[PDB]
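So the protein sequences, as listed, match chains A and B. FYI, in UniProt numbering the residues of the first sequence are 15 to 70, 92 to 144, 149 to 699. FYI, in UniProt numbering the residues of the second sequence are 15 to 70, 92 to 144, 149 to 699.
Number of protein chains: 2
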Amino acid sequence: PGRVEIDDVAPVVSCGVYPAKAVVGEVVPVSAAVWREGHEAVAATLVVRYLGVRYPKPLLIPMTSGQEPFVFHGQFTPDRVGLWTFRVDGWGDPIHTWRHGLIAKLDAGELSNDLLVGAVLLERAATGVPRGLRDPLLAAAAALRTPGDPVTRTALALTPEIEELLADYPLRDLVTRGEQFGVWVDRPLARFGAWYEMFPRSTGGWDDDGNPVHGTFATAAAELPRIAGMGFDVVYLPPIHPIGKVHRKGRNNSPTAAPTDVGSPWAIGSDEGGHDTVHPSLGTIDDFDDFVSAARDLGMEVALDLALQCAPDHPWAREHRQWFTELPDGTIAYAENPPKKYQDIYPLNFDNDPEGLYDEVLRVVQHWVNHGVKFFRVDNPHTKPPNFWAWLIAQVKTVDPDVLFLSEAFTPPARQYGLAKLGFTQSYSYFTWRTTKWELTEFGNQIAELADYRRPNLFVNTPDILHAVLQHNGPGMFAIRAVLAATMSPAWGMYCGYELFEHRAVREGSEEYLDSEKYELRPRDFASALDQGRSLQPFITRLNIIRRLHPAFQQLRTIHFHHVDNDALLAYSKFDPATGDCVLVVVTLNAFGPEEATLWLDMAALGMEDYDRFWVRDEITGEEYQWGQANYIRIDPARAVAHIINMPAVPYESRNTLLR
Amino acid sequence: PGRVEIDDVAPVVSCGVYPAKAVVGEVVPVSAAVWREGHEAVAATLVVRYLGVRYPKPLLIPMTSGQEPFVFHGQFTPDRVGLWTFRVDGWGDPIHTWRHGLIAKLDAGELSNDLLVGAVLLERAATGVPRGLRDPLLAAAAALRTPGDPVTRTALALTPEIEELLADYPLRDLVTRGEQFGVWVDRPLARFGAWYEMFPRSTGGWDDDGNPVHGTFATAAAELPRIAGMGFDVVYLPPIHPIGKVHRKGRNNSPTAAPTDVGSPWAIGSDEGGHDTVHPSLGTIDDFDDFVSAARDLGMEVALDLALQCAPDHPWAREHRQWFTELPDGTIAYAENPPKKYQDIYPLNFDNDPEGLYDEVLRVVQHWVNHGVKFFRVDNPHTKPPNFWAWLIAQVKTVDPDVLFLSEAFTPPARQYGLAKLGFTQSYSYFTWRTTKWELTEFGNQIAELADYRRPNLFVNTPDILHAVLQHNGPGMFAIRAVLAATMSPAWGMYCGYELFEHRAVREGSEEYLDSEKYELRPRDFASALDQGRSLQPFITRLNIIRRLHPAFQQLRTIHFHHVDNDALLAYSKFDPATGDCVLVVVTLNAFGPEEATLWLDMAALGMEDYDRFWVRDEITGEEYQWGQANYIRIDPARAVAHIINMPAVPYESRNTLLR
Ligand SMILES: OC[C@H]1O[C@H](O[C@H]2[C@H](O)[C@@H](O)[C@@H](O[C@H]3[C@H](O)[C@@H](O)[C@@H](O[C@H]4[C@H](O)[C@@H](O)[C@@H](O[C@H]5[C@H](O)[C@@H](O)[C@@H](O[C@H]6[C@H](O)[C@@H](O)[C@@H](O)O[C@@H]6CO)O[C@@H]5CO)O[C@@H]4CO)O[C@@H]3CO)O[C@@H]2CO)[C@H](O)[C@@H](O)[C@@H]1O
Ligand SMILES: OC[C@H]1O[C@H](O[C@H]2[C@H](O)[C@@H](O)[C@@H](O[C@H]3[C@H](O)[C@@H](O)[C@@H](O[C@H]4[C@H](O)[C@@H](O)[C@@H](O[C@H]5[C@H](O)[C@@H](O)[C@@H](O[C@H]6[C@H](O)[C@@H](O)[C@@H](O)O[C@@H]6CO)O[C@@H]5CO)O[C@@H]4CO)O[C@@H]3CO)O[C@@H]2CO)[C@H](O)[C@@H](O)[C@@H]1O
Ligand SMILES: OC[C@H]1O[C@H](O[C@H]2[C@H](O)[C@@H](O)[C@@H](O)O[C@@H]2CO)[C@H](O)[C@@H](O)[C@@H]1O
Ligand SMILES: OC[C@H]1O[C@H](O[C@H]2[C@H](O)[C@@H](O)[C@@H](O)O[C@@H]2CO)[C@H](O)[C@@H](O)[C@@H]1O
């Protein structure tokens, strides 16, 4: 009735309600506590199996004891997409009990009894191994028959052919089965990729006069190489749907729209079309299909903004009206967040006609899926029912499992981290409003930590957020945030124009871009900026190449912070369990002054003893240096705001430093 | 479905496999995280119901939001022994949504629409309240259907008359019910009581010559008043069973036993009897019944050592030999811990004849339960199968639920704390080997929050443990540990002779009492020590009185440590959620020197603002003083090694100072 106890198993999420998250080729660490009566030794074997794909022959991996007694650790690396299962099985290994006990008493060294007990072990042990190589067992099983010196037949106890033999085929006693938990593996882009947010309309390129010109998918596609050139793996496009014509918004959040103004893309829908139609000015849907294929040619993928909202002109406003929250006087209520108003849209109502709306939205998501779009940016997901997301998310991947979702949830923790739990492959974070060494240090450790179920996407900016620190610290700071986002997380992102050092907010104390891109056409000339040397495009490229270069940067779990005695300096390191690759990042939070300090290292964390000395190389500088536990470091902006340092590869003791 | 989200419920143990622990009249704090779509407000109601006894119509308590968004906290206080159940139910309260939304918009200040929506709510709400006082809502509902002032029907919202009944009877929408978890409540002695350990035989009192004399229950009962006099609630007796005559141990763990020597009581069993018989030299079983009844007259309870072990001459050795571990040569193995030998006892074998041993031991426990013994100190339980204890425990408590078990498990955490999870009402701890300011600090804080499954019993000493710090720091230290034990835990204990300052170890570097009572008979003359002023009995008495006096000391959860800028000084405070009682303890760890420092307080923890100044009284000294956030303290041993301070009672905001 449960003789051997198994508890505090990890990774488990919400006590097993939600599966943990991992990706292909990621080392997944498993741990559990196994114990039994007295001083009889115990061991556990971790059993992993890969099932179907769904969502709502065993493989055996041996587990190893560790620092803390009775807690056993293991790892496994999943090789195909779908839903995996693991469980921990616990058993008592008498051989270990017998062996360890015997070595202590042999020291006292007659006693003839314990030896025979061993002798009956290997025989019973032997039945488990096939007659073929079982023959050193009978050597051991016929090892303490006859009287003699102690080192008589222990001689077979100690040689590593039968320790190795017992390893492949073990003597298992009192086997007890553990609980089963599940892991959901996604394609690697779920963890490691870089984002670019661009407006297709802004690819217009001016007219014969000064006036901005509306772009098209065709014009948009011309800018795709340059993006790929910077190393981004995913291109994110704001909604490509028709914009409502009533209450269309003007320049600067103005209530009244000029006849030519475009209005914000998130005001989805018009007499012209719904969520399933391309806004005609961009082109026919074939042009889009053509646009996707261009990106695909460059190694990139396309992600569309998915905003479950409607403009008044949206066909649903006419076709299906049960889907909204209707006021008492027959008017239809504008989407609302008190007392501020976003007048150009309608909130959906998920309670009046649930299976009605559910099936239609699924149809729509499926539409774009059929057109090569396999990454969606769910918009303001926290203002829609959770169970819906749990359903919609689970529903799409089961027919096709390579579709991934990103949650734009700027919301308090319980909701933000909560949403991740229900299936979102990625989530936005509070990253932008973390700017002090202490916010960032705890934040870095925080990310993650939550890796078993949350993978964060760190965005340096979004059309709605230009943090104050970018406003007054000048072009230097833009580098700093880029270094932080790119290094802290495998997944990071950027909004267009960031590369131009766009740092002007509409008015002081606001976080909205002046002459915001949501309401106006803004073609930009990146090439000229490059020529006059006022673009951060080369640097970002160098940042993006480096992450791809070092697989250490694709890890969530292994971030570790090292001590630097300067409030303005931040130093942390990441490593890869697989290749042993190891990297240390040192950045300044001060854009303005040269800063110097003494850097102290936790050598154990890098896999070396404290007195060691080793050589490092700076991937930006190319400089090589000799280092030890304590090293001198000085950072000078207007030369380089950060040092990305390559460190000696962590020995094949990588696996235990990943533990927990 | 679940339409509304419920997560991170606490207190839950091992994801619900094991019930949490609590006792009667203890405030049990419950917390959970509840959230839903958008800015619509949400609330939760905690539903508690009391089930039967067993082990392996509703009452409703409203839950309140707090500092951290979306996490709701609640409490309930169980009033009868048995198994309780609780679950969290989640719902959306539209009024709150409507109310909070309207107040923000009212400042903008026509609005003609929102008011009717409220008005259709309050009416929909009226359906929930029972014919009679239902009506001012309809009054509130029809006071703006009429056009008018904005402030006109806010009138009917404004009034504290309308926050009302709705708290008592609420309008609940989209109600979703949470998972169910269980709590097992024991009698209060499970948490709060003090222990005294005595050898019945040591109550012998010499003969006409100098020679010590073996005692009896009769003689043992003579020492019971003085024990009660010191305030102890439980008397713990080493096994009272017959001691084996074969391989019986001599003075000082000597291998050979003299003819008169008594042997260790844990060497259970002889030709005279087994576990079901009283050792005859102590008396007839009636004498025991008389002794137990005697203690109960004094307000005490009797606790017997439950040691699953056998001497060679034990009846089981012949009667049932399947129950033992028989060697290959037919001998049966002596108790063993490699390479140490415990020649006087036999380990049991729980695998050969499981239902065989299970059934005898349960019978044995029931024998003594029938004789008024409802507390057992299970001996070295970690050297017996886990599942067994889980079985034995659930089996005993269902017939009689007032039987409680204490686990002497000096074992690594996973096992020690693990064992507590299975049902052990109390557990021994690592307390004796914590002697530095940081260790005691960590240990005290550590007590919590494991309160949900572990209640620690802090023993200053046992026959097996005479700590080094006691060895050289003189009688002063003995006070210090007593203060630490009594204050840190609601439940604490003492082994006989401690009060006489017995401080001599067998050899330097050992933790065993010289001329140990386990192997030798040791009568003591407590009275003479009193006259000659070398007894810590008065002080201990004052300590136990103080504990009973302040109910704050019966709490596990609320211990909090305050900063004192001295490495030799330790200051912590406890309070009682019920009466608001609050107490602060300051103790010194150096027995030899006067020590002084500046004591800093976190007033918020004590329920006061930082600037407040207030009056306190020292329960040992008796005089009143005035204090503030920072106060001067100096401690002089050889007058008093600690200050136990009565502090201003925590206001009726105790409950919120308890969250999580
Ligand atoms: O060439 C690179 C550089 O060029 C441009 O800067 C030029 C600039 O136009 C010119 O006027 C001049 O500027 C002065 C500057 O006005 C002075 O204020 C002086 O800055 C010092 C400053 O007054 C100090 O307060 C000091 O504060 C530091 C902190 O010590 C740091 O901790 C850090 O604060 C961070 C903080 O730790 C966090 O907790 C969080 O709050 O976030 C903060 C990040 O801002 O940084 C602040 C401010 O840096 O720092 C300075 C001294 O250490 O410096 C100039 C006097 O020479 O200098 C430039 C001409 O060479 C362009 O604006 C820059 O973007 C570009 O990087
Ligand atoms: O009369 C009442 C009094 O009588 C007895 O004590 C007398 C004692 O027999 C007598 O010898 C004398 O004591 C002397 C002592 O011999 C000297 O050694 C000296 O003691 C100082 C000591 O050398 C210092 O190292 C200093 O150490 C403190 C630490 O500062 C504390 O941090 C603390 O250490 C704890 C530590 O923090 C933890 O990490 C952990 O390791 O546990 C430690 C606790 O053991 O305690 C030690 C010492 O307690 O403390 C002394 C500085 O004054 O000077 C002494 C006299 O100046 O004095 C006594 C009477 O004459 C009887 O044993 C006492 O119980 C009784 O109160
Ligand atoms: O849809 C028009 C509206 O867009 C923005 O408002 C939302 C929108 O859902 C997303 O862009 C997302 O970022 O959140 C925004 C704020 O909740 C604009 O902020 C707003 O000016 C515009 O009317
Ligand atoms: O049980 C008697 C036997 O062991 C003793 O030690 C005991 C101790 O008394 C108990 O607390 C029990 O739980 O386990 C201990 C074993 O380490 C004596 O130390 C020993 O001499 C005696 O033979």
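Think of the CB as a built atom: it goes at the ideal place given N, C-alpha and C, for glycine as much as any other residue.
Taking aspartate 22/A as reference, the option from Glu635/B, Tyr456/B, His421/B and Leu638/B with the minimal CA-CA separation is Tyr456/B. Annotation for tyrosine 381/B indicates a beta carbon within 7 Å of some heavy atom of ligand 4. For the pair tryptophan 666/B and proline 113/B, the Cα-to-Cα distance works out to about 37 Å. Non-local C-beta neighbours of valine 624/B in its own chain, meaning closer than 6 Å and more than five positions away in sequence, comprise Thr526, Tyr611 and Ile683, ordered along the chain. Inter-segment contact for the segment 497-509 of chain A and the segment 654-668 of chain A is absent: fewer than three beta-carbon pairs are separated by less than 8 Å. Here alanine 267/A carries a helix assignment [DSSP, helix/strand/coil]. Each of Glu54/A, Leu95/A and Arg226/A was checked against the Cα of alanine 36/A, and the nearest Cα belongs to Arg226/A. Around the beta carbon of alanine 194/A, a 10 Å sphere encloses fewer than 16 other beta carbons of the protein chains shown; the residue is thus reported as exposed. Taking 8 Å as the CB threshold, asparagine 484/A stays off the interface with chain B.
Under the three-state reduction of DSSP, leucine 608/B is assigned to strand.
If the five residues before and after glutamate 635/A are omitted, its C-beta is found closer than 6 Å to the C-beta atoms of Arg673, all from its own chain and listed in chain order.
Looking at the backbone, the Cα of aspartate 128/B and that of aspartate 212/B are separated by about 7 Å. Distance check between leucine 176/A and each of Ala164/A, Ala644/A and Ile384/A places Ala164/A closest, using alpha-carbon atoms only. Annotation for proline 278/B: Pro304, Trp305, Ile307, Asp344 and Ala346 place their beta carbon closer than 7 Å to its own, counting only its chain and skipping 5 residues before and after. One alpha carbon belongs to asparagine 512/B, the other to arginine 573/B, and they sit about 15 Å apart. For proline 633/B, the CB contacts under 8 Å within the same chain, skipping 5 residues up- and downstream, are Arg673, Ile674, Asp675 and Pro676 in chain order. For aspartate 21/B, the nearest CB of chain A lies under 8 Å from its own CB, placing it at the interface with that chain. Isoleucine 384/A has its Cβ nearer than 7 Å to a heavy atom of ligand 3.
Within the segment 390-422 of chain A, complete beta strand (DSSP E) segments of at least 3 residues are found at 414-417, given in chain order.
Around ligand 2, the residues selected by a Cβ distance under 5 Å to any of its heavy atoms are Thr474/B, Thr475/B, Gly513/B, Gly515/B, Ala607/B, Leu628/B, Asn629/B, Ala630/B, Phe631/B, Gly632/B, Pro676/B and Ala677/B, following chain order. Rounded to the nearest whole angstrom, the C-alpha separation of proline 281/A and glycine 101/A is 59 Å. Annotated as distal: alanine 487/A and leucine 609/A, with beta-carbon spacing of 8 Å or more.
With fewer than 16 other Cβ atoms from the protein chains shown falling within 10 Å of its own Cβ, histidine 602/A counts as exposed.
Placement of the Cβ of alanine 306/A at a distance of less than 7 Å from at least one heavy atom of ligand 3 is found. Look at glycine 136/B: its C-beta is under 8 Å from a C-beta on chain A. Contact annotation: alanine 139/A and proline 378/B have beta-carbon atoms nearer than 8 Å. Judged by DSSP secondary structure, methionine 533/A falls outside any alpha helix (DSSP H) and instead within the beta strand (DSSP E) spanning 530-534.
In terms of side-chain proximity, the C-beta atom of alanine 346/A is found nearer than 7 Å to a non-hydrogen atom of ligand 3. Residues are counted here when their Cβ sits less than 8 Å from a Cβ of chain B; for the segment 43-62 of chain A these are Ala47, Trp49, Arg50, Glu51, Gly52 and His53, given in chain order. Relative to ligand 1, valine 508/A has its C-beta within less than 7 Å of a heavy atom.
For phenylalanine 105/A, at least one C-beta of chain B is nearer than 8 Å to its own C-beta. Taking C-alpha positions only, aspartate 124/B is separated from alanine 521/B by approximately 45 Å.
Exclusion of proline 209/B from the 7 Å shell around ligand 4 follows from its C-beta lying no nearer than that to any non-hydrogen atom of the ligand.
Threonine 215/B carries a strand assignment under DSSP once its states are collapsed to helix, strand and coil. Relative to ligand 4, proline 239/B has its C-beta separated by 7 Å or more from all heavy atoms.
Considering only beta carbons, the part of the segment 421-447 of chain B lying closer than 9 Å to chain A consists of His421, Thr422, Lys423, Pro424, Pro425, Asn426, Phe427, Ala429 and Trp430, in chain order.
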